[PDB]
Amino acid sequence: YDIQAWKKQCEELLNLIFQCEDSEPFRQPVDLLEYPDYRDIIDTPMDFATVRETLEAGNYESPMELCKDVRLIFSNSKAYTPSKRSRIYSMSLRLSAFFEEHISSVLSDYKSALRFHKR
């Protein structure tokens, strides 16, 4: 029932994601010189360094907010891909599966702890 435990759990999950070769295209903001039309397609860029920095700054109140930003990394990849068979999009799907597998208990434990706090 630790209401704060999600933060270190998210830090550790972000460390695992950074060790994953599949996270390479998503570790830093998409380079607009490499993809000049990116902002014509994507309204809200997101990447894992921005997620880690937001967390470290104390700018996430809950793991649900962090999860919304990580899911935005994957929806941006899906929206920008010219093909469902592209290399970067394919990496995003594996990384998303790994992220969802690991974030589930973090969310469950946090929501359970908050329900206990307000019991």
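In case it trips you up, residue 1 is the first one in the sequence shown, and so on. Definition used throughout: the rigid core is the maximal C-alpha set that superposes within 1.5 Å between two forms.
Original post:
Taking RMS over all structures and residues, which stretch has CA atoms farther from the shown form in 8 other deposited structures of this protein, 42 to 50 or 76 to 84, after a rigid core fit?
Top reply: Stretch with the larger root mean square C-alpha distance in 8 other deposited structures of this protein: 76 to 84.
- [ ] Report the stretch with the higher root mean square CA deviation, pooled over structures and residues in 8 other deposited structures of this protein, choosing between 51 to 59 and 25 to 33 after a rigid core fit.
- [x] Comparing 25 to 33 with 51 to 59, the one that moves more in 8 other deposited structures of this protein is 25 to 33.
Output the stretch having the higher mean C-alpha B factor in the entry; the candidates are 25 to 33 and 71 to 79. Of 71 to 79 and 25 to 33, the stretch with the higher C-alpha B-factor average is 25 to 33.
Chain thirds of CA B-factor: placement of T44 = Highest third - that is where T44 ends up once the chain's C-alpha B-factors are sorted.
Tell me, lowest, middle or highest third: where does the Cα B factor of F98 rank within its chain? Its C-alpha B-factor belongs to the lowest third of this chain's values.
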